[PDB]
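Below is run-v6.csv, holding CSV, N, CA and C atoms.
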```
chain,number,residue,atom,x,y,z
A,1,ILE,N,0.9,-1.2,0.0
A,1,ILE,CA,0.0,0.0,0.0
A,1,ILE,C,0.9,1.2,0.0
A,2,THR,N,0.9,1.9,-1.1
A,2,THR,CA,1.8,3.1,-1.3
A,2,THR,C,0.9,4.4,-1.5
A,3,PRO,N,1.1,5.4,-0.6
A,3,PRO,CA,0.3,6.6,-0.8
A,3,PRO,C,0.9,7.5,-2.0
A,4,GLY,N,2.0,7.1,-2.6
A,4,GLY,CA,2.5,8.0,-3.7
A,4,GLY,C,4.0,8.3,-3.3
A,5,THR,N,4.8,8.1,-4.3
A,5,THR,CA,6.3,8.5,-4.1
A,5,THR,C,6.4,10.0,-3.9
A,6,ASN,N,5.7,10.8,-4.6
A,6,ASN,CA,5.8,12.2,-4.5
A,6,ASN,C,5.3,12.7,-3.1
A,7,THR,N,4.5,11.9,-2.4
A,7,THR,CA,4.0,12.3,-1.1
A,7,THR,C,5.0,11.9,0.0
A,8,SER,N,5.3,10.6,0.0
A,8,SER,CA,6.2,10.0,1.0
A,8,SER,C,6.8,8.7,0.5
A,9,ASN,N,7.5,8.0,1.4
A,9,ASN,CA,8.1,6.8,1.0
A,9,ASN,C,7.7,5.6,2.0
A,10,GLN,N,6.9,5.9,3.0
A,10,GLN,CA,6.4,4.9,3.9
A,10,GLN,C,5.3,4.0,3.1
A,11,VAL,N,5.5,2.7,3.3
A,11,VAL,CA,4.6,1.8,2.6
A,11,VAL,C,4.1,0.8,3.7
A,12,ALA,N,2.9,0.3,3.4
A,12,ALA,CA,2.3,-0.8,4.3
A,12,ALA,C,2.2,-2.1,3.5
A,13,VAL,N,2.4,-3.2,4.2
A,13,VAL,CA,2.4,-4.5,3.6
A,13,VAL,C,1.2,-5.3,4.1
A,14,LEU,N,0.5,-5.9,3.1
A,14,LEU,CA,-0.7,-6.7,3.4
A,14,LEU,C,-0.4,-8.1,3.0
A,15,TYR,N,-0.3,-9.1,3.9
A,15,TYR,CA,-0.1,-10.5,3.6
A,15,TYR,C,-1.5,-11.1,3.5
A,16,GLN,N,-2.0,-11.2,2.3
A,16,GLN,CA,-3.3,-11.8,2.0
A,16,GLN,C,-3.3,-13.3,2.3
A,17,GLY,N,-4.1,-13.7,3.3
A,17,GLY,CA,-4.2,-15.1,3.6
A,17,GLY,C,-3.3,-15.6,4.8
A,18,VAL,N,-3.3,-14.8,5.9
A,18,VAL,CA,-2.5,-15.1,7.1
A,18,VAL,C,-3.3,-14.5,8.3
A,19,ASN,N,-3.0,-15.1,9.4
A,19,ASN,CA,-3.6,-14.7,10.7
A,19,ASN,C,-2.6,-13.9,11.6
A,20,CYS,N,-1.7,-13.2,11.0
A,20,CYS,CA,-0.7,-12.4,11.8
A,20,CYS,C,0.1,-13.3,12.7
A,21,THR,N,0.2,-14.6,12.4
A,21,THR,CA,1.0,-15.5,13.2
A,21,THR,C,2.0,-16.3,12.4
A,22,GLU,N,1.7,-16.5,11.1
A,22,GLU,CA,2.6,-17.2,10.2
A,22,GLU,C,3.2,-16.3,9.2
A,23,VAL,N,3.5,-15.1,9.6
A,23,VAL,CA,4.1,-14.1,8.7
A,23,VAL,C,5.6,-14.4,8.5
A,24,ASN,N,2.8,-1.4,13.1
A,24,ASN,CA,1.5,-1.8,13.7
A,24,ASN,C,1.0,-3.1,13.1
A,25,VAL,N,0.2,-3.9,13.8
A,25,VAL,CA,-0.4,-5.1,13.3
A,25,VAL,C,-1.9,-5.1,13.6
A,26,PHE,N,-2.6,-5.4,12.5
A,26,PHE,CA,-4.1,-5.4,12.6
A,26,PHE,C,-4.6,-6.5,11.6
A,27,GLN,N,-5.2,-7.5,12.2
A,27,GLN,CA,-5.7,-8.6,11.4
A,27,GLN,C,-7.1,-8.3,10.8
A,28,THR,N,-7.2,-8.2,9.5
A,28,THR,CA,-8.4,-7.9,8.8
A,28,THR,C,-9.0,-9.3,8.2
A,29,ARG,N,-10.1,-9.1,7.5
A,29,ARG,CA,-10.7,-10.3,6.8
A,29,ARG,C,-10.0,-10.8,5.6
B,1,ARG,N,-12.1,-32.1,4.8
B,1,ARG,CA,-11.6,-30.8,4.5
B,1,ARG,C,-12.5,-30.2,3.4
B,2,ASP,N,-12.9,-28.9,3.5
B,2,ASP,CA,-13.8,-28.2,2.6
B,2,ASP,C,-13.0,-28.0,1.3
B,3,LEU,N,-13.8,-27.7,0.2
B,3,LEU,CA,-13.2,-27.4,-1.1
B,3,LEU,C,-12.6,-26.1,-1.1
B,4,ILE,N,-13.0,-25.1,-0.3
B,4,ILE,CA,-12.5,-23.8,-0.3
B,4,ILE,C,-11.0,-23.8,0.1
B,5,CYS,N,-10.7,-24.5,1.2
B,5,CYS,CA,-9.3,-24.6,1.6
B,5,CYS,C,-8.5,-25.6,0.7
B,6,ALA,N,-9.2,-26.5,0.1
B,6,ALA,CA,-8.6,-27.5,-0.8
B,6,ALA,C,-8.1,-26.8,-2.1
B,7,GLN,N,-8.9,-25.9,-2.7
B,7,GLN,CA,-8.5,-25.2,-3.9
B,7,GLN,C,-7.5,-24.1,-3.5
B,8,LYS,N,-7.5,-23.6,-2.3
B,8,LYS,CA,-6.5,-22.6,-1.9
B,8,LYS,C,-5.1,-23.1,-1.9
B,9,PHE,N,-4.9,-24.4,-1.6
B,9,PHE,CA,-3.6,-25.0,-1.5
B,9,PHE,C,-2.9,-25.2,-2.9
B,10,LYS,N,-3.7,-24.9,-4.0
B,10,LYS,CA,-3.1,-25.0,-5.3
B,10,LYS,C,-3.0,-23.6,-6.0
B,11,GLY,N,-3.0,-22.5,-5.2
B,11,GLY,CA,-2.9,-21.2,-5.8
B,11,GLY,C,-4.2,-20.5,-6.0
B,12,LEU,N,-5.3,-21.2,-5.9
B,12,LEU,CA,-6.7,-20.6,-6.2
B,12,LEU,C,-7.2,-20.0,-4.9
B,13,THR,N,-6.8,-18.7,-4.7
B,13,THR,CA,-7.2,-18.0,-3.5
B,13,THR,C,-8.3,-16.9,-3.9
B,14,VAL,N,-9.4,-16.9,-3.1
B,14,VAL,CA,-10.5,-16.0,-3.4
B,14,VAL,C,-10.3,-14.7,-2.6
B,15,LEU,N,-10.4,-13.6,-3.3
B,15,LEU,CA,-10.2,-12.3,-2.6
B,15,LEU,C,-11.6,-11.8,-2.1
B,16,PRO,N,-11.6,-11.3,-0.8
B,16,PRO,CA,-12.9,-10.8,-0.3
B,16,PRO,C,-13.3,-9.5,-0.9
B,17,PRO,N,-14.7,-9.4,-1.1
B,17,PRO,CA,-15.2,-8.1,-1.7
B,17,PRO,C,-14.9,-6.9,-0.8
B,18,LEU,N,-15.0,-5.7,-1.4
B,18,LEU,CA,-14.8,-4.5,-0.6
B,18,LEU,C,-16.0,-4.2,0.2
B,19,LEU,N,-17.2,-4.1,-0.4
B,19,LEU,CA,-18.4,-3.9,0.3
B,19,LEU,C,-18.9,-5.2,0.9
B,20,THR,N,-19.0,-5.3,2.2
B,20,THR,CA,-19.4,-6.4,2.9
B,20,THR,C,-21.0,-6.6,2.8
B,21,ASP,N,-21.5,-7.7,3.2
B,21,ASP,CA,-22.9,-7.9,3.2
B,21,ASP,C,-23.6,-6.9,4.1
B,22,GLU,N,-23.0,-6.5,5.2
B,22,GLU,CA,-23.5,-5.5,6.1
B,22,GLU,C,-23.6,-4.2,5.5
B,23,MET,N,-22.6,-3.8,4.7
B,23,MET,CA,-22.5,-2.4,4.1
B,23,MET,C,-23.5,-2.4,2.9
B,24,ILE,N,-23.6,-3.5,2.2
B,24,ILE,CA,-24.6,-3.5,1.1
B,24,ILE,C,-26.0,-3.4,1.6
B,25,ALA,N,-26.3,-4.1,2.7
B,25,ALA,CA,-27.6,-4.1,3.3
B,25,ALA,C,-28.0,-2.7,3.8
B,26,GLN,N,-27.0,-1.9,4.2
B,26,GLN,CA,-27.2,-0.5,4.6
B,26,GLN,C,-27.5,0.4,3.5
B,27,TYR,N,-26.9,0.1,2.3
B,27,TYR,CA,-27.3,0.9,1.1
B,27,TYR,C,-28.7,0.6,0.7
B,28,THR,N,-29.2,-0.6,0.8
B,28,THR,CA,-30.5,-0.9,0.4
B,28,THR,C,-31.5,-0.3,1.4
B,29,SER,N,-31.1,-0.1,2.7
B,29,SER,CA,-32.0,0.5,3.6
B,29,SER,C,-32.2,2.0,3.3
B,30,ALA,N,-31.1,2.6,2.8
B,30,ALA,CA,-31.2,4.0,2.5
B,30,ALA,C,-32.1,4.2,1.2
B,31,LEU,N,-32.1,3.3,0.3
B,31,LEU,CA,-32.9,3.4,-0.9
B,31,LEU,C,-34.4,3.2,-0.5
B,32,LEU,N,-34.7,2.2,0.4
B,32,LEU,CA,-36.0,2.0,0.8
B,32,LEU,C,-36.6,3.2,1.7
B,33,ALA,N,-35.7,3.7,2.5
B,33,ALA,CA,-36.1,4.9,3.3
B,33,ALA,C,-36.4,6.1,2.5
B,34,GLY,N,-35.6,6.2,1.4
B,34,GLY,CA,-35.8,7.4,0.5
B,34,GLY,C,-37.0,7.2,-0.4
B,35,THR,N,-37.3,5.9,-0.8
B,35,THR,CA,-38.4,5.7,-1.7
B,35,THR,C,-39.8,5.8,-1.0
B,36,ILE,N,-39.8,5.3,0.3
B,36,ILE,CA,-41.1,5.4,1.0
B,36,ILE,C,-41.4,6.8,1.5
B,37,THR,N,-40.4,7.5,2.0
B,37,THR,CA,-40.6,8.8,2.6
B,37,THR,C,-40.5,9.9,1.6
B,38,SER,N,-39.6,9.9,0.7
B,38,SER,CA,-39.4,11.0,-0.3
B,38,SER,C,-40.0,10.7,-1.6
B,39,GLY,N,-40.0,9.4,-2.1
B,39,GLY,CA,-40.5,9.1,-3.4
B,39,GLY,C,-39.5,9.0,-4.4
B,40,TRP,N,-39.5,9.9,-5.4
B,40,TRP,CA,-38.5,9.9,-6.5
B,40,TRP,C,-37.6,11.1,-6.4
B,41,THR,N,-37.7,11.9,-5.4
B,41,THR,CA,-36.9,13.1,-5.3
B,41,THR,C,-35.5,12.9,-4.7
B,42,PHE,N,-35.3,11.8,-4.0
B,42,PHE,CA,-34.0,11.5,-3.4
B,42,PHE,C,-33.0,11.1,-4.4
B,43,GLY,N,-33.3,10.9,-5.6
B,43,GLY,CA,-32.4,10.5,-6.7
B,43,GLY,C,-32.2,11.6,-7.7
B,44,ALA,N,-33.0,12.7,-7.6
B,44,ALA,CA,-32.9,13.8,-8.6
B,44,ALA,C,-32.7,15.1,-7.8
B,45,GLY,N,-31.9,15.1,-6.7
B,45,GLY,CA,-31.7,16.3,-5.9
B,45,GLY,C,-31.9,15.9,-4.4
B,46,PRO,N,-32.4,16.9,-3.7
B,46,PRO,CA,-32.6,16.7,-2.2
B,46,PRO,C,-33.9,15.9,-2.0
B,47,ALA,N,-33.9,15.3,-0.8
B,47,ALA,CA,-35.0,14.5,-0.4
B,47,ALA,C,-36.2,15.4,0.1
```

Mind turning this structure into structure tokens?
Amino acid sequence: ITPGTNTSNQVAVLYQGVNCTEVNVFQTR
Amino acid sequence: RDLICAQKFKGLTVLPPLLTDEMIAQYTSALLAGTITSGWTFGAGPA
């Protein structure tokens, strides 16, 4: 998840198909 | 073992929709509330 290189360089990673155990942390659907 | 997890183990993973069943049901409630109370004006301007 990138808000845009011109805006910033911080990126978020979403591991689709995991329960935050087999990889801030927030478990979604 | 269900077929959902069975097909997932071969690369066939299903992505969840953006609008959940709860959020879609809330859109339908707004349409019903606008049709019964306002009529046809809630889609062509203000209610």

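Put simply, CA of residue 1 in chain A is 5.8 Å away from atom N of residue 13 in chain A.
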
Would you please give, as a VMD selection string, all residues of chain B that DSSP assigns to alpha helix (DSSP H) based on the backbone?
chain B and resid 3 to 8 21 to 37

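Atom C of residue 23 in chain B is found 23.1 Å from CA of residue 17 in chain A.
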
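Using only N, CA and C atoms, the shortest contact distance between chain A and any of B:15, B:24, B:10, B:2 is found at B:15.
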
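Each of B:13, B:38, B:7, B:26 was checked against residue 18 in chain A using only C-alpha atoms; the smallest atom-to-atom distance is that of B:13.
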
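Reported to one decimal place, the separation of CA of residue 47 in chain B from CA of residue 31 in chain B is 11.3 Å.
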